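Participant: one piece of my complex first, more on the way:
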Amino acid sequence: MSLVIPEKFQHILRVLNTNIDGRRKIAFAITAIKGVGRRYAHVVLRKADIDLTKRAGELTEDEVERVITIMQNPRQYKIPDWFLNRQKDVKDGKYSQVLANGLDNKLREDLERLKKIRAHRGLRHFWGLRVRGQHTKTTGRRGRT
Amino acid sequence: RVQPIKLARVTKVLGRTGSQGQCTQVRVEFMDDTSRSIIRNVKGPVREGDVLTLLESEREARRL
């Protein structure tokens, strides 16, 4: 009841292969995982069915292992297929949500496959320019100098 | 050595001064000694009949 810090608390704690804060709210603290935003964190925690007002160190270890399974395998846990990151993948055609350095692997893969096929988007990516059709006469000068 | 602060009552406004009109010449007599009337240069919109604080008595207002 708005009590002191319990003994079973972690102020910095490890999830997958990266650490997340403890003082933050439980949903906002886990968005630091590279690939999950506020909406995904909130929906997977609502499916985790726990107290949302408690911080990240008040999450007991069984709740840790509970939330990570949901966040890793959303499609079995009634998460809508339109909610996911890798909808209709170009490799397997199977929806998934990519997290941490897995997302880094996927993005690097997209860049290098576009580079291999020598598409205009891939060439713009390699040259570091803009890829979404916007102008380049006046902007980007911070990144260029 | 420091002169005591007192008040002066505006009798009438003489004109605008300060090379930009920012100041306003006024004729004021102290209610403490109603015989003595001096010109002072004020800062801000001042009407006739209002009073204002004066930190000194000897000092008068020159042009500008």
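Facilitator: Happy to help now that I have it. Numbering: from 1, shown residues only, chains lettered A, B, ... in the order given.
Participant: mind listing the strands for chain B?
Facilitator: B:6-17, B:23-29, B:37-43, B:51-54 (DSSP state E).
Participant: from residue A:41, how far off is the spatially most central residue of chain A?
Facilitator: The residue lying closest to the centre of chain A (Cα atoms, centre = their mean) is residue A:35, at 1.5 Å. To residue A:41, residue A:35 is 11 Å away according to Cβ to Cβ, to the nearest Å. To be clear about C-beta, it is placed using only N, CA and C from the backbone, and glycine gets the same treatment.
Participant: so which of the strands of chain B is nearest residue A:1?
Facilitator: Nearest of the strands of chain B to residue A:1, taken as Cβ to Cβ: strand B:51-54 at 58.8 Å.
Participant: buried residues in the closest one, which are they?
Facilitator: residue B:54 (16 or more other Cβ atoms under 10 Å in any protein chain shown).
Participant: run through who's touching it.
Facilitator: B:5, B:6, B:7, B:8, B:9, B:10, B:28, B:30, B:31, B:40, B:42, B:46 (Cβ atoms under 8 Å, 6 or more residues apart in numbering or on different chains).
Participant: who does that strand pair up with?
Facilitator: Using DSSP bridges, the strands paired with strand B:51-54 are strand B:6-17 (antiparallel).
Participant: here is chain C, add it in:
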Amino acid sequence: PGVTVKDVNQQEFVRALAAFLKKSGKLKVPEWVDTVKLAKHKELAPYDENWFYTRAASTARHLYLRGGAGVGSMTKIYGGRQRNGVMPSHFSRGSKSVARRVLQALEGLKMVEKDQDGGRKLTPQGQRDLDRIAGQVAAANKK
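Facilitator: Next up, chain C placed on what we already have:
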């Protein structure tokens, strides 16, 4: 005293009605309540997990205040400013599906019905219970 909903504070009245609909289990909810966004201009899910009962409570007094309010009327009512990112803000309407689900749920609850023209209106039992809860919440508010 004959107390009508127009005689009571709406901030308290809405939560009173939502509490009543929470008490009565006849009202139905869709399974996607905890997942979907309430509008195009919303940036986050609603904080309350009873937001559906809140929505029904709001639209109940809205249809009481004026009838003929269809799904589009509900979405215009519940619409809000869209931040548009870097573009200047604008107005966007609410979700059509959430208005459809709430109005159809009230219709199944059978205190609202389709009119001789478009839109829906309260049954007399609807305002009967609305003024009942308004009277009891007014008594609790005053004393």
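Participant: wait, the residue nearest to the centre of chain A sits on residue A:96?
Facilitator: No: between residue A:35 and residue A:96 there is no contact under Cβ atoms under 8 Å: 10.3 Å.
Participant: which neighbours do the two share?
Facilitator: residue A:85.
Participant: beta partners for residue C:92?
Facilitator: Going by DSSP bridges, residue C:92 forms beta bridges with residue C:80.
Participant: that one: neighbour count?
Facilitator: By other Cβ atoms under 10 Å in any protein chain shown, 16 other residues sit near residue C:92.
Participant: and the residue nearest to the centre of chain A, that one's in a helix?
Facilitator: No: under DSSP: H, G, I helix; E, B strand; the rest coil, residue A:35 sits outside any helix and is assigned coil.
Participant: contacts only, for it.
Facilitator: Per Cβ under 8 Å, 6+ apart, neighbours of residue A:35: A:85, A:97, A:98, A:99, A:100, A:102, A:103.
Participant: can you check residue B:32 too?
Facilitator: B:6, B:7.
Participant: equivalent analysis for the one 10 residues further on, please.
Facilitator: Taking Cβ under 8 Å, 6+ apart, we find residue B:42 in contact with B:23, B:24, B:26, B:52.
Participant: append chain D to the structure above:
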Amino acid sequence: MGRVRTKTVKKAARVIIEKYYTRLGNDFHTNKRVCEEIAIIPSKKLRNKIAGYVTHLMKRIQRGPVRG
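Facilitator: Adding chain D to the chains above:
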């Protein structure tokens, strides 16, 4: 500031005072009433400006001769 009259209203007031003096008066409403009928002013604005100047000159002439 900016309430000065014009020569068009001033001269017409002078002429009507000099020609029809006896009928005029010291009431503005009366002055505009007589002016409305004995003079042809297309506009109400010009009409009552003429009447006001006529009244002011009436106040002047009742206590001192003027250029009129």
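Participant: since we added chain D, can you redo the contacts of strand B:51-54?
Facilitator: By Cβ under 8 Å, 6+ apart, strand B:51-54 touches B:5, B:6, B:7, B:8, B:9, B:10, B:28, B:30, B:31, B:40, B:42, B:46.
Participant: circling back: quick one: the residue nearest to the centre of chain A from residue C:32, how far?
Facilitator: 23 Å.
Participant: what does residue A:97 give?
Facilitator: Taking Cβ to Cβ, one finds residue A:97 at 18 Å from residue C:32.
Participant: these two: which has the busier surroundings?
Facilitator: residue A:97 (21 against 12).
Participant: quick one on the thing from earlier: filter the contacts of strand B:51-54 down to the buried ones.
Facilitator: Looks like those have B:8, B:9, B:10, B:28, B:30, B:40, B:42, B:46 buried, using 16+ other Cβ under 10 Å.
Participant: would you check which pair of those lies furthest apart?
Facilitator: Across the buried ones among the contacts of strand B:51-54 (Cβ to Cβ), the longest gap, 15.9 Å, separates B:30 and B:46.
Participant: list the buried residues in stretch A:11-29.
Facilitator: Buried-residue list, stretch A:11-29, by 16+ other Cβ under 10 Å: A:13, A:15, A:20, A:21, A:22, A:26, A:27, A:29.
Participant: is any residue of that stretch near chain C?
Facilitator: No: if you take Cβ under 8 Å from any Cβ of the partner chain as the test, stretch A:11-29 misses chain C, and the best it gets is 9.9 Å.
Participant: many thanks, we can stop here.
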